[PDB]
Amino acid sequence: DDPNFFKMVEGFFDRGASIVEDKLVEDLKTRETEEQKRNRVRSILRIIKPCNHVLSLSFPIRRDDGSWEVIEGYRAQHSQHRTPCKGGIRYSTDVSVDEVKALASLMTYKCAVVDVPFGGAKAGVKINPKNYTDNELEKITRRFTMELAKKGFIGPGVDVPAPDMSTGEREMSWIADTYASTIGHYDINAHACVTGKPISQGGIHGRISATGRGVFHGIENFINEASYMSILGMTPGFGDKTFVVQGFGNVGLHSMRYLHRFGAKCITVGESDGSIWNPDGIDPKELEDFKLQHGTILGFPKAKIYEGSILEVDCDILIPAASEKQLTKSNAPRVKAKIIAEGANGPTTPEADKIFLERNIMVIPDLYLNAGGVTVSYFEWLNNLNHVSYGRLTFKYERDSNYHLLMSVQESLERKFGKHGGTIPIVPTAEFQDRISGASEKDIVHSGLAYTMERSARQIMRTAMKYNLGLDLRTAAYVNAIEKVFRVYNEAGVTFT
Amino acid sequence: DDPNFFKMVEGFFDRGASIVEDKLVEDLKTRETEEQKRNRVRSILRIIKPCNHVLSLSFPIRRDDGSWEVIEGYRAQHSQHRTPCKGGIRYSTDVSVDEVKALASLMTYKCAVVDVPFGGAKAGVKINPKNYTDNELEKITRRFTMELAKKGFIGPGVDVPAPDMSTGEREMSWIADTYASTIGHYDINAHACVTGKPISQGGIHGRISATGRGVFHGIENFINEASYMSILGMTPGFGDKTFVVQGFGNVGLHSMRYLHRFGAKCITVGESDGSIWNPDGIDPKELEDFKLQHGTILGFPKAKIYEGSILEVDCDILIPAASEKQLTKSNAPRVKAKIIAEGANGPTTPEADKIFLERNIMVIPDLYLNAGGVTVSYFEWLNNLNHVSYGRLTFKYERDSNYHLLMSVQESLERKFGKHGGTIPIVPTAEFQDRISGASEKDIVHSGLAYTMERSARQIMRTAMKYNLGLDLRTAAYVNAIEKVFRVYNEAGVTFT
Amino acid sequence: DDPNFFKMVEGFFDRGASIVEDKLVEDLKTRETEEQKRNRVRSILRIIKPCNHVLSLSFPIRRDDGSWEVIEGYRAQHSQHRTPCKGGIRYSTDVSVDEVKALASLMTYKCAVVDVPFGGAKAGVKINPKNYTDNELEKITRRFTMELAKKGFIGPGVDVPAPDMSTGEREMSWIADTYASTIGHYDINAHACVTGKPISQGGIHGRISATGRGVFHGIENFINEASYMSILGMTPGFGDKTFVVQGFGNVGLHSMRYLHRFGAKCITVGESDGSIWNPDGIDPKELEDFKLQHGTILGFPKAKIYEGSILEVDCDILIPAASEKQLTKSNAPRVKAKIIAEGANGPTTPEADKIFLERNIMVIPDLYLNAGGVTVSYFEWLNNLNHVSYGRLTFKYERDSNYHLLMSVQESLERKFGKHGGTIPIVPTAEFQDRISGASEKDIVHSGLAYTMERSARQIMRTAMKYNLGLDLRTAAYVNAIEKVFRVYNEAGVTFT
Ligand SMILES: NC(=O)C1=CN([C@@H]2O[C@H](COP(=O)(O)OP(=O)(O)OC[C@H]3O[C@@H](n4cnc5c(N)ncnc54)[C@H](O)[C@@H]3O)[C@@H](O)[C@H]2O)C=CC1
Ligand SMILES: NC(=O)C1=CN([C@@H]2O[C@H](COP(=O)(O)OP(=O)(O)OC[C@H]3O[C@@H](n4cnc5c(N)ncnc54)[C@H](O)[C@@H]3O)[C@@H](O)[C@H]2O)C=CC1
Ligand SMILES: NC(=O)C1=CN([C@@H]2O[C@H](COP(=O)(O)OP(=O)(O)OC[C@H]3O[C@@H](n4cnc5c(N)ncnc54)[C@H](O)[C@@H]3O)[C@@H](O)[C@H]2O)C=CC1
Ligand SMILES: NC(=O)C1=CN([C@@H]2O[C@H](COP(=O)(O)OP(=O)(O)OC[C@H]3O[C@@H](n4cnc5c(N)ncnc54)[C@H](O)[C@@H]3O)[C@@H](O)[C@H]2O)C=CC1
Ligand SMILES: NC(=O)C1=CN([C@@H]2O[C@H](COP(=O)(O)OP(=O)(O)OC[C@H]3O[C@@H](n4cnc5c(N)ncnc54)[C@H](O)[C@@H]3O)[C@@H](O)[C@H]2O)C=CC1
Ligand SMILES: NC(=O)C1=CN([C@@H]2O[C@H](COP(=O)(O)OP(=O)(O)OC[C@H]3O[C@@H](n4cnc5c(N)ncnc54)[C@H](O)[C@@H]3O)[C@@H](O)[C@H]2O)C=CC1
Ligand SMILES: Nc1nc2c(ncn2[C@@H]2O[C@H](COP(=O)(O)OP(=O)(O)OP(=O)(O)O)[C@@H](O)[C@H]2O)c(=O)[nH]1
Ligand SMILES: Nc1nc2c(ncn2[C@@H]2O[C@H](COP(=O)(O)OP(=O)(O)OP(=O)(O)O)[C@@H](O)[C@H]2O)c(=O)[nH]1
Ligand SMILES: Nc1nc2c(ncn2[C@@H]2O[C@H](COP(=O)(O)OP(=O)(O)OP(=O)(O)O)[C@@H](O)[C@H]2O)c(=O)[nH]1
């Protein structure tokens, strides 16, 4: 059980088309024959599936010891029905076009599941950042954008890179600075070419913790749904149950704190080295220190090394957040859990899905969970496309206008019950007192994220009941994804051909 | 005491770096040695200080008598950490690269003190507009932009000119029309290349009086601060004290009315010709007529000519708003005032500062006062970048929604106290009645300006206490300025070098 | 014996580097250590070898029956040391990135062997032109350029497509017309984006027969070299020996006529269907008719069907001109020939080379033979980059000036021997009479091609003796190729890295 990662995501898309194909002909309003309309649907589905562009590079670089190297680099743009196309830049010696093509596809559907205006994209670099000088990573990241930009694969109108595995705000700043100063110098939207930038360079409050909140608001939108918890046989709530984490990195890290702050007791955590198992809870603050002190989660003196993979650890909510294809046909029989959230991108093989549906354990699709990161990188790309600190124009104004609603209510009452002259004191609460001056930059993020992953969780529930998919929310997700991208191709007069 | 105007502003920047350098190493989070980190700070400070681009021109023109002339023209772009770069266009026979370089620097800090997304810039033209036909000024202004545009010094992504000395809305319209019709024709943001345009050409309510409000809200934010007025030995309030004005032009003019309407009695006013001294108040309306009738503030029959410079006149609030370096080591001993506001750009020599701190008289930095003009020209550049009359989308909607808050409150009460059926009339006040339909174009200006210069006045107070700078708010201003521009260079991975 | 076609061409490049590496260190003039210089050479060699860009596409098309299809399309740009990059566009259901990458590499060396200023490139389309309407091929070819152009893979400054397998002047006209009218409309060099265009659309006399002349002048430059014919044991001349042809298409066709007109008796010919064997000669005119009448070379009533592959036919000069990898380890033992020319691109597997060197049969590298086609498509790209019919400016002038050389010689003699008054008639010959008006468009082609493949044949001979490669001219060719591309990288300061 190790399919070509692109043949796998295609496999999910397949079961999606196998169910939509019927409810999609009846919504096609053209005037043709029944079979003809189906010969129209299946055709458009064959256009969605493949990637529309897969660039492939090679970089002469000069390492600090003067020697040269080549660096294969990739970038796919899955679909063009929606511009621009976002997608992270991954640094790993395990990246390939067969991987990038699929990760590129997912973000075409992630962005469709959470209603974000972007096509899919993804860029890889065969590289191990743990090997190279922090000068060499600059000469590599800047060259990698110099190559893309001149071939039309970076720019606020075509593609928007983003952080991903083994990349952070450090790299994303090198990109925005190279693009702004070479190609899109005159363009007013220069700095808006990448997301995940540092705050001082045009970022957004909580771009790092963005994905974590995703995993959080996702789990919350289901744990607090009794219709499934009655099936899974658990309790709506967090402090009553626990969870584990694969891949203590950005997702895994912030998936903890936001899920740790509400009573859910993070049992264990692991990484490429080993596992750290404590059935009583690990402080996400303290462990975060060792990643900056001891280089690994190992040695953590408030837990122990675990002779076994996290995926088999007894818990309540499994969260693979480290790499692809981790759960598989050989790990599925030994999960011993109830819910498998997904921070990583397609961490479950399609063979293991049936076993999970068979074992009666709910799998929440990665299309829905790690989509939080996108929906915040959208606010960033949209922040620095308007050139204004959101809400700055109307801080002093909203603060005044609200002080005149409450006043008018007061002045109005002091004429009806004011016969005694009694001063009715209409004053804000503690909560409203914060929201007087309006929506600050952080407020729309903590809301626009919690809202985007509210509508999405419904549209997934609303579908899985319409088609009776039970706990295969994944298939229900692709249905909502495919139905949306279809109406774009259908009405667009797909081509000039 | 007549330093090179660029060696002067550098001198202020110096005393700024001399205090930040310590509290800035500890905020640098890189992993190096102490001395190394200081070898990193001082280096970045040497990058901020100089101008990154100083163009220099020469114009063949054809005067109306057919003769040719050359016209030296300058433009500096101080820093590029923030695009675009705004900066006025000054017409004076006293402009030079040594001047423009410094005025360019100030606006890099002005924009940093009031948190406005622009680098600094400034453009000069060795010219005397009082000499040339109002046709020749067009052939000069249009040629001056034709030259800049083709070399990448005008355009909504690089630079945005603005009014300044001896230029008004007349000139700024010639620029926007030349740029829109030659270089950026196809660009959607063509007309957004300059600010200070006429309203019919995309201006903003009160762009002329914008700078005056700055000087006003600045003074107000300090006069109403007892912590200093206890030191200066005066009273928080305006009608109890007076003020004078140097340079009756745009700043000086509107600095009067907005400071005249609140009881502060404008004692005198002067210009290149002479002074007009009346210890009982000059009507800013009446005097404004003579500038359009008698060509000068002289002859004003409700005052007298003053055999002396304004800077020595007895008053309470001195406002130099005419030119640079006016106060100096020779004028400082004879100020006879309490507060010296600054409408002009660096009207005080650094030598006179010590004398002012010694004489125990508070000097409000020009970085803070005339920054109002920028913060409104930002709203303009941001108005005509969105292509919509701000608030037009939601006039009829907010008006309705507010009529349903007040109604719901009424309908809610008529069920609790409505046992008598008594019609509770929840109706807006007089004030709220204006703010029903929402934020109009003028409302955000009168607020966004009053708000921007609220946060700034605090950050300056908040610093001058943290470092104990007493009344040298100027040094406190640069500290806040330098700390902000530093975090941009620091995190940006300053160069690809 | 069926290596990955890119692992094969790499294999030749390898044996090339294995011999140059020594004679290339001594020509490196930098000041380093011996081993260091070798750590510099091997590094640059690792930069040359891989492709710098390999795009990959997918086309929604609308077949005439209304159904949709996807069409994978590829394009590689091997190297960028020389812009633009030429390369054909092949239509075949057997194309893939693993093929295009190598064919792209060859043209980086072809162009280096014949000193033509282009990097390598190649574009494929998984398609069978024998299946689609001649309308559908237009909707496919135009879309394929629309996709490339917007991503910077067509244009006289980056890439220049050209005819190749299953494409002719029909397709190349659709490309030039689509590019000229969409992307490079304003560009003055629009129509110069592709070569192989029809004459009326900016072609060159004999662009079709261009490659054939290549195969001809190549063979001639060796057959008339006794130094090898003494080794091979044959006779310098054509009418005394015969030859066969694989792949009667463009190359194979015109390889016949130009080699048929000089006595060499074309024995047989074959194609995807079958062979046509006549040991007495096939009229290239008559057989050309059946390709336009009977759809195949079969049925040709002046020969017979041959139960066997051409590659084993007894002859004197074998010319595979149909596809890749035709000769191989299984066909090498049964060649029964003396010289194997190569019209096709790498039609010989590296394993069969040793067998050919062992069997003492000379293999002429495809790098040298089919390079004629490029050297004419260069004249085209250079014709329509100058916007003038070459030689038109000086037809009437050269005709006059020559009539004054011959006259002056006459007038000069009629003073020395003119004592008798005898009219010396200095008049042109028959041959010169043609070349009076100068170099017409066709003359430079028939010369610039015959000349380009003169210098190249020497530099290959001049190398194979310097290094004693005997009859492995192929390895001698790559040596001259690598030595040239190396001096470009070496001196260029290879990167900004
Ligand atoms: N971080 C983000 O912004 C986003 C991340 N994701 C997904 O989340 C996943 C992880 O987040 P990242 O930020 O990439 O974390 P990261 O970039 O910090 O690295 C993940 C960590 O997991 C560990 N790990 C990697 N492979 C492993 C394996 N096979 N077994 C055990 N441990 C392993 C590594 O030590 C690494 O520290 C990624 O796979 C990505 O697909 C998706 C969207 C946004
Ligand atoms: N290089 C570029 O083109 C960049 C452009 N931008 C744009 O600027 C706007 C900034 O808004 P926000 O940062 O959200 O406001 P904000 O109030 O969130 O500002 C965040 C930080 O930026 C600093 N800052 C503000 N103005 C500055 C200036 N003129 N110079 C140096 N530092 C300054 C402030 O001190 C604050 O610490 C964004 O909308 C973005 O579109 C932002 C970053 C880089
Ligand atoms: N007006 C604006 O939009 C802004 C102005 N400023 C600063 O405000 C100052 C004045 O405002 P402007 O609009 O330029 O005024 P303005 O362009 O109307 O001219 C200033 C007036 O002051 C008088 N004056 C000039 N030099 C003088 C001297 N040495 N002694 C006595 N009188 C003199 C002149 O007669 C002139 O009428 C300028 O120096 C400029 O740096 C700063 C930001 C924006
Ligand atoms: N040349 C250009 O490209 C210009 C573009 N603009 C853009 O147009 C927008 C206009 O909004 P505001 O002026 O703030 O609205 P507004 O309500 O403030 O309009 C101000 C004046 O413009 C006049 N006006 C409005 N639409 C007009 C039209 N179609 N033709 C002639 N006059 C008209 C109105 O009568 C009004 O007196 C701005 O956002 C600006 O971005 C503005 C000026 C010039
Ligand atoms: N024609 C040109 O302009 C140039 C051609 N070449 C090379 O010359 C070769 C042939 O020239 P083209 O113009 O492509 O000819 P073409 O495009 O007319 O087709 C070649 C012919 O050979 C036959 N053929 C193909 N594969 C075969 C196989 N496996 N067995 C038997 N017969 C087969 C086909 O029936 C076809 O008619 C190509 O492989 C190409 O690499 C190289 C440079 C320029
Ligand atoms: N669409 C475009 O931009 C094209 C531009 N060109 C340029 O035009 C130049 C033409 O030179 P050659 O064709 O080598 O000269 P040529 O003497 O070889 O002309 C070849 C044919 O073109 C025809 N022709 C010449 N001028 C014409 C015109 N104004 N309208 C229609 N047909 C005409 C002639 O009758 C002749 O049959 C080339 O240098 C090429 O650069 C050529 C073809 C297409
Ligand atoms: N690595 C790390 N990041 C943190 C930590 N605390 C907060 N952050 C991030 O830094 C940002 C600033 O935190 P706050 O000032 O508390 O604002 P906030 O958004 O209310 O913080 P949260 O509610 O925890 O998301 C947050 O949005 C988080 O994304 C922490 O302890 N460790
Ligand atoms: N030169 C000059 N300008 C004026 C005068 N009165 C108003 N203005 C400017 O013209 C604009 C229109 O004035 P109003 O209709 O009163 O609107 P406003 O913003 O409430 O006016 P103010 O509150 O005085 O700023 C104002 O914003 C001022 O900038 C005046 O008497 N003389
Ligand atoms: N298919 C085909 N093409 C031909 C034939 N004869 C000539 N051509 C091509 O058409 C062009 C015009 O031929 P010519 O007028 O004889 O000029 P040319 O260049 O002297 O012809 P060649 O010397 O045979 O190359 C030639 O350059 C050939 O490329 C032919 O019989 N069949």
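The chain as shown is numbered from 1 upward.
Header says: electron microscopy, 3.4 Å.
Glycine residues also receive a Cβ, built from the backbone N, Cα and C atoms like all the rest.
Looking up B:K23, B:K37, B:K241 in Swiss-Prot, the residue bearing an annotation of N6-acetyllysine is B:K23. Binding of substrate is attributed by Swiss-Prot to B:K86, B:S377, and the same site annotation extends, among B:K110, B:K354, B:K396, to B:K110. Distance between Cα atoms for B:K150 (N6-acetyllysine) and B:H191 (NAD(+) binding site): 17 Å, as a whole number. Proximity to ligand 2 at the level of Cβ atoms, with a cut-off under 6 angstroms, picks out B:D115 from the recorded positions B:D115, B:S166, B:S209. Spacing of B:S209 (GTP binding site) relative to B:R82 (NAD(+) binding site) is 26 Å (Cα to Cα, whole number). Taking the Cβ of B:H205 (GTP binding site) as reference, residues of its chain lying under 8 Å away and at least six apart in sequence are, in sequence order, B:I199, B:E441, B:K442, B:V445.
Looking at B:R261 (GTP binding site) and B:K302 (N6-succinyllysine), their Cα atoms lie 19 Å from each other. Per the record's binding annotation for GTP, residues B:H205, B:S209, B:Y258, B:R261 show a top Cα-Cα distance of 19 Å. Residues near B:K130 (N6-succinyllysine) in space but far in sequence (CB under 8 A, at least 6 apart, same chain): none are found. Spread of the NAD(+) binding residues is 24 Å (greatest Cα-Cα distance among B:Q80, B:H81, B:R82, B:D115, B:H191, B:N383).
Other residues of the chain with a Cβ within 8 Å of the Cβ centroid of B:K86, B:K110, B:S377, the substrate site, are B:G87, B:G88, B:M107, B:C111, B:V116, B:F118, B:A162, B:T195, B:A371, B:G373, B:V374, B:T375, B:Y378.
With a cut-off of 8 Å between CB atoms and residues at least 6 apart in sequence, the same chain places B:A176, B:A180, B:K197, B:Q201, B:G202, B:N384 near B:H191 (NAD(+) binding site), listed in sequence order.
Rounded to a whole number, the distance between the Cα atoms of B:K122 (active site) and B:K101 (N6-acetyllysine) is 8 Å. Checking the recorded positions B:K86, B:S209, B:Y258, B:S377, B:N383, B:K442 for a CB within less than 6 Å of any atom of ligand 3 leaves no residue at all. Only B:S389, of the recorded positions B:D115, B:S166, B:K291, B:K302, B:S389, B:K396, place a Cβ under 6 Å from an atom of ligand 4.
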